[PDB]
Amino acid sequence: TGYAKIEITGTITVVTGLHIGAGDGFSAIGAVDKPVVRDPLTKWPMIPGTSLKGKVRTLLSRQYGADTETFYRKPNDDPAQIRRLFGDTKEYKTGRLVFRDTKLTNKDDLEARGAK
RNA sequence: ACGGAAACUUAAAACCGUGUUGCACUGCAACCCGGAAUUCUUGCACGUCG
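Residues numbered from 1 in each chain as written, not as in the entry; some residues may be left out. Chains lettered and ligands numbered in written order. Part of a larger assembly, values for the part shown. Heavy atoms only, no water.

> Describe in detail the overall build of chain A, supporting the description with residues and values.
When helices and strands are counted, chain A shows four helices and two strands. Its C-alpha atoms give chain A a radius of gyration of 18 Å, more than 25% over the compact-globule value 13 Å for 116 residues. Along the longest, intermediate and shortest principal axes, the C-alpha atoms of chain A span 50 × 40 × 25 Å. For chain A, the share of sequence-separated contacts (at least 6 apart) that also reach a separation of at least 24 residues comes to 36%. Carbon and sulfur atoms form 57% of the exposed surface of chain A, whose accessible area is close to 9,700 Å². Each charge class in chain A was averaged separately, 20 positive and 14 negative side chains, and the resulting centres sit 2 Å apart. (Helix = DSSP H or I, 4+ residues; strand = E, 2+ residues; numbered from the N terminus. Rg over C-alpha atoms; globule rule 2.2 N^0.38 Å. Contact = heavy atoms within 4.5 Å. Areas by Shrake-Rupley, 256 points an atom, 1.4 Å probe, with all protein chains shown as cover. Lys, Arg positive; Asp, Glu negative; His and termini not counted. Charge placed at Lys NZ, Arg CZ, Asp CG, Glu CD.)

What follows is the structure, given as structure tokens:
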């Protein structure tokens with residue numbers, strides 16, 4: 001019952017497409033004007049942990065709410081039972097869940113299946 | 001032989017020690033790759049029998 005930093009592994013995988021975009025990036029080819037969140041160095045697609053926060057932040061606020069019904073209008077109006085993970089300016093808290101970034105791991109298999 | 005003639009205001013001592021430009025934040029909501037074009041017009045299973 002001392003200290004713990006429970007690290008969570010796993011592999012996310014797009015089944016459909018995915019168009020989490022970057023607005024005005026700097027890919028500069030054409031109709032990449034709707035780009036994806038890329039890496040700047042390797043230029044491989046990645047996923048910000050903000051979105052994986054800002055989807056589980058959103059889509060649990062209306063699942064822990066919208067049953068308690070009080071609509072939780074602001075990201076401090078949310079109850080403790082969400083924001084004690086996700087963080088609040090009310091209790092000044094640091095969150096408790098560091099949603100990390102992640103980028104393209106299996107680029108190698110995607111050249112194995114001929115994806116160009 | 002001038003209350004004269006000589007003399008350093010001098011020697012050392014760290015403006016240092018404790019301190020995150022930090023915590024809450026979806027690049028999101030709306031759109032059919034959709035509408036009009038004949039696989040068609042010329043064409044006989046037949047010439048041939050002491």
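Having seen it, we continue.
> Before we move on, could you go through the protein's contact with RNA strand B and cite the residues and values that matter?
Lining the immediate surroundings of RNA strand B are 19 residues, of which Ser51, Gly87, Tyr92, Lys93 and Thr94 lie closest. Backbone atoms, meaning sugar and phosphate, make up 65% of the atoms of RNA strand B lying within 4 Å of the protein. At 3.3 Å, a backbone N or O of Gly21 approaches a sugar or linking oxygen of RNA strand B. Interatomic distance of 2.6 Å between a backbone N/O atom of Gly87 and a sugar or linking oxygen of RNA strand B. It is helix α1 (residues 49-56) that contributes the most residues to the surface near RNA strand B, five residues altogether. (Near = heavy atom within 4 Å. Polar contact = N/O pair within 3.5 Å; in protein donor to acceptor, adjacent residues only side chain to side chain.)

> Give a description of the packing of aromatic side chains that names residues and reports values.
Under the counting rule described, the total for this entry stands at one aromatic pair. Seen from their ring centres, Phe86 and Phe99 are 5.6 Å apart, and the 35° between their planes marks the pair as tilted. A residue pair is termed long-range when its members are at least 10 positions apart, and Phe86 in helix α3 (residues 80-86) and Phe99 in the loop between α3 and β2 (102-103) qualify at 13 residues. Residue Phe86 is classed as buried on the basis of its relative accessible area, which comes to 8%. (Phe/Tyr/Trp six-rings, centres within 6.5 Å; stacked < 30°, edge-to-face > 60°. Buried < 20%, exposed > 50% of the residue type's maximum accessible area, 1.4 Å probe, protein only.)

> Account for the pattern of salt bridges, with residues named and values stated.
Once the charged atoms of two side chains with opposite charge are near each other, the side chains can pair. Summed over the entire model, instances satisfying the criterion amount to four salt bridges. Where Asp78 meets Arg57, a salt bridge forms, and the shortest distance between an N and an O atom there is 3.3 Å. In this pair, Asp78 is assigned in the loop between α2 (58-64) and α3 and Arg57 in the loop between α1 and α2, connecting sequence segments 21 residues apart. There is no split in this pair, since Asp78 and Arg57 are both buried. Across the salt bridge formed by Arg83 and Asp88, the nearest N and O atoms sit 2.6 Å from each other. Using a relative accessible area of 14% as the deciding quantity, one classes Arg83 as buried. (Salt bridge = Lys/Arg side-chain N within 4 Å of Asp/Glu carboxyl O.)

> Quick one: what's the story with the environment of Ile8, residue by residue and with numbers?
Mapped onto the secondary structure, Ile8 falls in the segment before β1 (46-47). Sequence-wise, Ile8 and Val36 are 28 residues apart; in three dimensions their C-alpha atoms are separated by 25 Å.

> Please give an account of the environment of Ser27 that cites residues and values.
One can find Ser27 in the segment before β1. According to the relative accessible area criterion, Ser27 is partly exposed, its value standing at 34%. C-alpha of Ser27 to C-alpha of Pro40: the two residues are 13 residues apart in sequence and 9.1 Å apart in space. Not counting residues within four places of it along the chain, the set of residues in contact with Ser27 comprises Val32, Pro35 and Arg38.

> Residues and numbers for unusual backbone geometry, please.
Phi is positive for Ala66, which is not a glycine, with a value near 60°. Mapped onto the elements, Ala66 comes out in the loop between α2 and α3. Non-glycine residue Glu69 carries a positive phi angle of around 75°. Locating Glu69 in the fold gives a position in the loop between α2 and α3.

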